[PDB]
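# Chain and residue survey
The lines below spell out each chain.
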Amino acid sequence: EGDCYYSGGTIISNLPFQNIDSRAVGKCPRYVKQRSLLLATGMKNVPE
Amino acid sequence: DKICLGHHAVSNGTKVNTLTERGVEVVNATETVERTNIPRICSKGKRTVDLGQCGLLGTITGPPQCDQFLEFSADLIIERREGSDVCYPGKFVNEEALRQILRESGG
Amino acid sequence: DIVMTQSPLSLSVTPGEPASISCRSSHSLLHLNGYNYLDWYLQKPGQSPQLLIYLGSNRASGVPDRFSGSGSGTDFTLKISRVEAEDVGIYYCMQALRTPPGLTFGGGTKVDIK
Amino acid sequence: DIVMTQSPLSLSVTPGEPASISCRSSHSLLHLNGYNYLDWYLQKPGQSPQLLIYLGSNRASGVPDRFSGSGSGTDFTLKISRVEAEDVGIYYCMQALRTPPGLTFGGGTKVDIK
Amino acid sequence: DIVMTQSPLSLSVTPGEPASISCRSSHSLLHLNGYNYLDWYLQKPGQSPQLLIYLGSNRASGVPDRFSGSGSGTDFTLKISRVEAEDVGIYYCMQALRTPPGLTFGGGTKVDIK
Amino acid sequence: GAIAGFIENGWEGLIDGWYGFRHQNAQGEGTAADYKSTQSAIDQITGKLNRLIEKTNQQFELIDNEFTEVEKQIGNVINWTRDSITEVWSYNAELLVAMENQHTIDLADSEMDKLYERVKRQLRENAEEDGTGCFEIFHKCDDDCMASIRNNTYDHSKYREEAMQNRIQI
Amino acid sequence: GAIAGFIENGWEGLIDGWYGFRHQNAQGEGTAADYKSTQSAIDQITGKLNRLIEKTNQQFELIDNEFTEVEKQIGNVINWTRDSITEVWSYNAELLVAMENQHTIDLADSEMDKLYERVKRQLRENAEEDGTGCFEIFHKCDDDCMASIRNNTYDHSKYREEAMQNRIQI
Amino acid sequence: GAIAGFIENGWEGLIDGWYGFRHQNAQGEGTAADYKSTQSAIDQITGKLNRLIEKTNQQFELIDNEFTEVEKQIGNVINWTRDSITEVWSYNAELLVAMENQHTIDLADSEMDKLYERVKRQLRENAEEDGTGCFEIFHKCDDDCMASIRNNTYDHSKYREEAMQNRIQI
Amino acid sequence: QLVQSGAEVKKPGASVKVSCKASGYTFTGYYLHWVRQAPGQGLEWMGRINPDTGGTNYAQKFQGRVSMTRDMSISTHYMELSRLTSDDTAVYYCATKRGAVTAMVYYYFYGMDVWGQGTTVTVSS
Amino acid sequence: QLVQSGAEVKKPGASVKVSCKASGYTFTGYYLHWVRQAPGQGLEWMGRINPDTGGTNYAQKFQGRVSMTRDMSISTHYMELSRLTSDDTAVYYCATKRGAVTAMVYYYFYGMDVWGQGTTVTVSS
Amino acid sequence: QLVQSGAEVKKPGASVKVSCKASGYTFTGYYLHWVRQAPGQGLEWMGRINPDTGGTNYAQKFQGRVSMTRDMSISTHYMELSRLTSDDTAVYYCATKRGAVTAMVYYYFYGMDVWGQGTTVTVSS
Ligand SMILES: *[C@@H]1O[C@H](CO)[C@@H](O)[C@H](O)[C@H]1NC(C)=O
Ligand SMILES: *[C@@H]1O[C@H](CO)[C@@H](O)[C@H](O)[C@H]1NC(C)=O
Ligand SMILES: *[C@@H]1O[C@H](CO)[C@@H](O)[C@H](O)[C@H]1NC(C)=O
Ligand SMILES: *[C@@H]1O[C@H](CO)[C@@H](O)[C@H](O)[C@H]1NC(C)=O
Ligand SMILES: *[C@@H]1O[C@H](CO)[C@@H](O)[C@H](O)[C@H]1NC(C)=O
Ligand SMILES: *[C@@H]1O[C@H](CO)[C@@H](O)[C@H](O)[C@H]1NC(C)=O
Ligand SMILES: *[C@@H]1O[C@H](CO)[C@@H](O)[C@H](O)[C@H]1NC(C)=O
Ligand SMILES: *[C@@H]1O[C@H](CO)[C@@H](O)[C@H](O)[C@H]1NC(C)=O
Ligand SMILES: *[C@@H]1O[C@H](CO)[C@@H](O)[C@H](O)[C@H]1NC(C)=O
């Protein structure tokens, strides 16, 4: 089951941003120009 | 006779960017930008018409390659590159306004 | 609107041969924290449901090592290494990705001794 | 550019019959916190102005219960339940919604004994 | 990609007449905090480089008052009020505006006694 | 040797929780985890992450054509508009991720602070702060006494007359 | 019975202010409000709300037509552009409201904290923290003494020799 | 006269740093600066300012014409789209500058707080807080003793038996 | 462990209220879920309540006619389902998270671990 | 209560400076407003000053030729109006908020409650 | 002041590792830079390391084949350059910020003030 198509396949993900095609149609994630945007899920690391 | 309070740490963490600093070591991180896709038109639960050698505007006029699409019905129309609209040479007038009509038409 | 579809909808088993129950999702169950929000339940006739796997792959407290969980994304399988006579009943899969839609259950899979 | 327009621009009253002064705004005087920024003033001849109503409907400290304030949005009315001989003078309405435009006053309403 | 271009690429000087070395940038070296990120260096033959000016106009610690720095934006000049015999060697300009591009040096300017 | 707390560094031996304790008395050492402060930190991050996995309901359709190219003046208005909007969503994505990294780091740093003044108001006059994230208890606190600070059942008046002789006089 | 402070819960009997005091001595109980901390919290919220009631000066005119429909290829570029911009202003509205709800909650929680270390540095060595948001005064503080903590006129050296006998010795 | 700290006002005599100390003993007065807290505050602001001087790589070309005007219906779609995007970048600029002014003010206010609890845990039981940002040392601390608080080499156990006689008894 | 109330027989149009006493909980900040199982059919999630605040999240099917409350002094949860029909004949389970588990992955679990014994509700005439 | 300075007679081109001593204020974080009333005409708001910081907000009519300062040690406010004309003949009021009012709605009031006695300024030849 | 390691002769394909002992640093939160000077050519910036965290920033020319580490207990920095060629014959300098300077403008300086003596590295056969 897909919902967001482009000329090379289908984007199926829970991520809110994508960097595959500008012209993806349907109910798609927002196209950004960056290819990596890391979101911190933990605390700041201070090693021993 | 003492009691301490501390937080956990790992040997090597992930570097993320912050508002005032680039490359802060956090313990864990995740990716927010999608780069991998599924290289098929996965369309379960829909009514998909695959035109192929036929063009979208040809089904109005009916060349020989569009004989089985003259009264088609679809929830999702897939146009291919090798599809042609005409058999005798010629073209439509305001062809891109007509293509946006039949893409949205449902049949 | 995540729709859970279970299979093979019934499974006659032999006490000593493995079994496998699959439950495929409509949308992706993988959160941003890297966990697949799928729970495997067993409800015996007359009792409350029992939790078996709680995040796609992690076994619960009072569950033996017969029950295993694998899968990621939309396709998931419950796996039993060997079946005993105490492993009959109905197996439900349950997703818990987003709460303002809600939590939904699978259809169920009756497992009886053949 | 909020413009205050007062009415009836003069009001001959009788000591024992009620009176009513209206002051309508150009833009809405209702803030996001739910209050209407309109103040009612009375200036006697020779004295400083006296505050009567300070947020559209709330009476000040040394003001009797004769003076009442109602209205919301752009249309506002001052209301006197009964007029005494000490209630003559000029009545100004004043809005205080946004300060980088500024605070502006009404034209005034002379009230004399008929 | 900031490219530093120095001039006059060689300078024969007289011990008692002033000298001037210019180094013009490709992009603007003026940060948002109001400082021009340009450093002036002197490397004698056989020794480590010596810092002379560290933010376009500010003299370092062990530098005499002969060496002066001026300029803003893209065009910069090093200025010597009078030249001694200990002021020979190669003069490099170095920008430090953005580090993910990196720090880059100028071509150099040989200064010898005429 | 000696033990230090969260002010100096973080422990790589804490694996069942984010925040924890570490005591040192006559019976030996010990290390426990804090389940109420770890769960409170994770409940704010997956709640932050639940805000980002909700997809739009606005359907965008096709206005260009990859096979037969559109007219050039309308093919440049579409191309100029799509690059304008792409600058907005590339700015908002990079701003939101960098802003929520400052909030994630700061919320997990305030949960360790909230655990620190919770123990500090438990040990009212029976302990002194070391300066590295530890408390110097001035009475003989055994392994079930150290459990009482951990589970918020400490009573300071039981040891108040004993720990005050060790502070102002000795 | 006993009284607790802001750490446990909030009082539903405070109606003339946001933050306030509650004392308990030999004369009885009492409840007052703090006008300087309530006004400081409200002055930051209506100043925050004054930022949102300022309207744009950019006039947008009509490019479609509700009665006689425009040409279809220019009727789809207008419709695709207007839905793109609508996604931006629906994202920015939901982001700004959710961000200023975190700031409103946190600024009113730091005004209660600022009132707490103001009283704590007034009662220097004459009082001890209970742990629920209250101070245990170790001298006989009557109804005008309790007024002196409220209006920042407390002098700790007047009761320092009396309240120190009750702490380290008794 | 008397000296006050950061709670009351800020010193106009501090010119080589952002944060500093000011002592008062028998030898006289003195004023120094703190280089480790000033550098930590400036390293977060130029790192904040390094985020804003990075220019886009998206090249925008010309679609209108200043000399020979375009067709009127395509000249209004371009004009309506460019004013829509201009509202977005005028909102995002005014939001980002106002948000990073709240962060700049608050980060420099927390560096002064972090310098305050660093000295407070150094002077463990030998000093008391005045309430204006100063510490009342209860032992004879000369000009090299005052240097030891400044450079984090203070040992509280050297003066603990002397400064405790001056607090609880005298 | 959870202990529910006994069986109840109701009429179409009345309201049923079920009890669930969470005995032995020192966190009380987890999520407690009410699910439903008609005889013959499968499990059916009704809603979820937060014992810290009281914030509820019902299903869209059970929206409007379900009110869930709690009384944290006696540690007892409630669920009231108004405007009953014959298809509300089912067994009503309350479930929540177990707690005192020493795994790191268990912090990211918000479902149902420990369950009640069930409450049979019959609606007929 | 506010007490202003006496009457002043000036010439066109000079500058007038009015005083306003706020006696009895323990908050000193309210807003003090200067308004104006020409003989025959109505009230006219000039500006507003913050005694905590010194941030002023003048009207667009009185922008450029009005400077308002204060001296919080003696608790005295000032207002200087340069380049006088004949139409600056008026009575100058300083007003502010009263304080010590036990209403919740009074915290959202930023206008004028307590007023000064007025200062008559005459500009002629 | 900085003191580097002695000269080293290597072969094409090996890896060179240079030492730099920062003796007398009480801040240890500045930036330490490694630059390079081939015989005849000019200076060439390699990278920059943070002794607090370990975050490195190499040049695009030296990206992939440079690893910079430090050991803050003995206060010693390292730089390892793998897959050597003949054009890596140069003198390797480590430089950093001086510190204990009483100017306000010196806080906004992130370049090179105090330098090492240099390390001659020769790659031949
Ligand atoms: C980080 O997250 C992943 C997936 O959520 C998990 O497998 C891993 O254990 C976590 N921790 C580290 C240190 O990678
Ligand atoms: C909330 O605001 C409204 C209008 O601003 C006011 O009438 C009401 O008293 C306030 N408080 C509550 C508890 O509703
Ligand atoms: C402000 O910054 C400028 C340039 O960065 C500098 O010249 C000036 O000394 C700084 N301080 C003040 C008080 O202007
Ligand atoms: C618009 O951009 C696309 C790239 O996605 C390009 O293929 C196309 O030729 C462009 N159209 C015009 C008219 O330049
Ligand atoms: C807390 O720990 C102490 C010592 O282990 C124990 O006696 C007490 O019952 C515990 N209380 C709770 C509520 O767990
Ligand atoms: C554009 O959208 C409007 C809805 O507001 C619709 O009425 C109109 O038909 C649409 N135009 C085209 C060309 O589809
Ligand atoms: C503070 O309160 C005390 C006791 O009520 C009183 O004596 C004193 O005058 C008050 N001071 C001020 C400034 O209000
Ligand atoms: C579009 O706006 C420009 C102003 O930059 C104006 O000169 C031009 O005439 C406008 N075009 C139309 C069609 O109104
Ligand atoms: C700190 O200062 C004291 C007194 O000036 C001095 O004896 C000591 O050596 C200093 N320590 C450091 C690390 O600078």
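Residues numbered from 1 in each chain as written, not as in the entry; some residues may be left out. Chains lettered and ligands numbered in written order. Part of a larger assembly, values for the part shown. Heavy atoms only, no water.

As documented in the archive entry, the model was determined using cryo-EM at 2.76 Å resolution.

## Brief notes about the overall build of chain I
Rules: For the purposes of this entry, the term helix denotes a DSSP run of H or I that reaches at least four residues, the term strand denotes a run of E that reaches at least two, and both are numbered from the N terminus. As defined in this context, the radius of gyration uses C-alpha atoms, and a globule is described by 2.2 Å times the residue total to the power 0.38. Remark: exposure states derive from per-residue accessible area (1.4 Å probe, protein chains only) relative to the maximum for the residue type, with buried under 20%, exposed over 50%, and partly exposed in between. Contacts are assigned to residue pairs that have any heavy atoms within 4.5 Å of one another. Note on areas: Shrake-Rupley with a 1.4 Å probe; residue coverage comes only from the protein chains shown. Under the counting rule used here, the positive set is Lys and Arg, the negative set is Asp and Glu, and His together with the chain ends is not counted. Taken as the charge centre is NZ of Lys, CZ of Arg, CG of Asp or CD of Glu, depending on the residue.
The helix and strand tally for chain I stands at zero helices and eleven strands. Its helices and strands taken in sequence order, chain I reads β-β-β-β-β-β-β-β-β-β-β from the N to the C terminus. Its C-alpha atoms give chain I a radius of gyration of 15 Å, within 12% of the compact-globule value 14 Å for 125 residues. Its C-alpha atoms give chain I principal-axis dimensions of roughly 50 × 30 × 25 Å. Split into buried and exposed, the 125 residues of chain I put 47% on the buried side. Put simply, 53% of the contacts in chain I that link residues at least 6 apart link residues at least 24 apart. Accessible surface for chain I amounts to roughly 5,600 Å². Of this, 48% is attributable to carbon and sulfur atoms. Of the side chains in chain I, 12 bear a positive and 8 a negative charge, and the two mean positions are spaced by 1 Å.

## Examining the site of ligand 4
All names here are of chain F. Here is the rule we go by: Being near a molecule or strand, for a residue, comes down to having at least one heavy atom within 4 Å of it. Side-chain atoms alone can form a polar contact between residues adjacent in sequence; in general such a contact is a pair of N or O atoms within 3.5 Å, and within protein one must be able to donate a hydrogen while the other accepts it. The nonpolar class holds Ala, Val, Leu, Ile, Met, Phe, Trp, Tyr, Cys and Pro. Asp, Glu, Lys and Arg form the charged class, and all remaining residues, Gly among them, are polar.
Taken together, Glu 69, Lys 72, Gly 75, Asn 76 and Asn 79 make up the full set of residues adjacent to ligand 4. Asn 76 places a side-chain nitrogen or oxygen 3.4 Å from an oxygen atom of ligand 4. Here an oxygen atom of ligand 4 and a side-chain polar atom of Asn 79 are 2.4 Å apart. Considered on its own, ligand 4 offers 370 Å² of accessible surface; in the complex 48% of this is hidden by protein. A class-by-class count of the residues in the shell around ligand 4 yields no nonpolar, three polar and two charged.

## Quick notes on the sheet that holds strand β5 (residues 30-31) of chain A
Sheets are built from strands that pair by backbone hydrogen bonding, the pairs being arranged parallel or antiparallel. Rule in force here: Should DSSP find at least two bridges between two strands, the strands are taken to pair.
Strand order in the open sheet made by the three strands is β5(A)-β3(A)-β5(B), with parallel pairing throughout. At either end of the open sheet lies a strand with only one pairing partner, and these are β5 of chain A together with β5 (33-34) of chain B. Relative to β5(B), strand β3 (residues 17-18) of chain A is paired through two bridges, and the arrangement is parallel. Following the sheet pairing, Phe17(A) is matched in β5(B) by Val33(B).

## Topic: the arrangement of the chains
Looking across the 22 pairs of chains in contact, one finds the most contacts between chains B and F. Chain D makes no contact with chain C, the minimum C-alpha separation between the two being 29 Å. Between chain I and chain J there is no contact; the minimum C-alpha to C-alpha separation amounts to 27 Å.

## What to know about the layout of surface pockets
How we decide: Within this scheme a cavity is a closed region of a 1 Å grid, computed over the protein atoms alone, that accommodates a 1.4 Å probe without allowing it to escape, whereas a pocket is open but has protein on both sides within 12 Å along at least five of seven lines; lining residues each have an atom within 4 Å of a point. Grid points are joined across faces, edges and corners, and a volume is the space filled by probe spheres set on the points.
In this structure, the second largest pocket encloses a volume near 1,200 Å³. If you trace the second largest pocket, you find 40 residues lining it, with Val25(A), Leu76(B), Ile77(B), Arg103(B) and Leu62(F) closest to the centre. The set of elements that each furnish at least two residues to the lining of the second largest pocket consists of β1 (4-6) and β4 (25-26) of chain A, β7 (76-78) of chain B together with α2 (72-122) of chain G. Element by element, the count of residues in the lining of the second largest pocket is highest for α2(G), at four residues. Looking at the lining of the second largest pocket residue by residue, the classes come out as 14 nonpolar, twelve polar and 14 charged.

## Looking at the interface of chain F and chain B
Short version of the rule: Buried area, as used here, totals the accessible surface that two parts lose on assembly, with accessibility defined by a 1.4 Å probe and the loss added over both. Each reported salt bridge corresponds to a side-chain nitrogen of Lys or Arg within 4 Å of a carboxyl oxygen of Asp or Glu.
On the side of chain B, 28 residues touch chain F, which itself brings 49 residues to the contact. Taken together, both faces of the contact between chain F and chain B bury some 3,100 Å²; the carbon and sulfur share is 57%. Taken together, the connections running from chain F to chain B amount to one salt bridge. Linking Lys2(B) and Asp130(F) is a salt bridge whose minimum nitrogen-to-oxygen distance equals 3.0 Å. Remark: the boundary between chain F and chain B carries 16 residue pairs in polar contact. Residue assignment for the side of chain F that touches chain B shows that the elements contributing at least two residues are β1 (19-25), α2 (72-122), β4 (134-137) and α3 (145-150) of chain F. At nine residues, α2(F) tops the list of elements feeding residues into the side of chain F that touches chain B. Bridge analysis of strand β1 (residues 2-7) of chain B against β1(F) gives six bridges, and the strand direction is antiparallel. Note that in β1(F) the partner of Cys4(B) across the bridge is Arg22(F).

## Points about empty space enclosed by the protein
A complete count under the given rule lists six cavities of 30 Å³ or more for this structure. Roughly 450 Å³ of volume is contained in the largest cavity. In this structure, the largest cavity is lined by 24 residues; those nearest its centre are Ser22(A), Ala24(A), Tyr31(A), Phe60(F) and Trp80(G). Among the residues making up the lining of the largest cavity, the classes are represented as eleven nonpolar, six polar and seven charged.

## Notes on the pairing of strand β1 (residues 19-25) of chain H
The element β1(H) is extensively covered by neighbouring structure, given that five of its seven residues are classed as buried. Here β1(H) folds back onto strand β2 (residues 28-34) of chain H in antiparallel fashion, the turn holding two residues.

## Structural notes on helix α1 (residues 35-50) of chain G
The line we're drawing: Given a helix with a known number of residues, its expected span is that number minus one, times 1.5 Å.
Helix length check: α1(G), at 16 residues, gives a terminal C-alpha distance of 22 Å against a target of 22 Å (1.5 Å per residue), a fit within 8%. The elements touched by buried residues of α1(G) are β1 (19-25), β2 (28-34) and α2 of chain G.

## What about the state of the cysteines?
Quick note on the threshold: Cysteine sulfur atoms are paired as a disulfide whenever they come within 2.5 Å of each other.
In the structure shown here, the tally under the stated rule is twelve disulfides over all chains. Two residues, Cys20(I) and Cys94(I), share a disulfide whose sulfurs are 2.0 Å apart. Disulfide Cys20(I)-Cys94(I): the torsion about the S-S bond is 85°, which places it as right-handed. Of this pair, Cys20(I) sits in strand β3 (residues 16-22) while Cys94(I) sits in strand β9 (residues 90-96), and the two are 74 residues apart along the sequence. For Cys94(I), a relative accessible area of 0% corresponds to the buried category. The thiol of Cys42(B) is unpaired, and the distance to the nearest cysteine sulfur, on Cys4(A), comes to 12 Å. We note that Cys134(H) lacks a disulfide partner, and the nearest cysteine sulfur, in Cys141(H), lies 14 Å from it.

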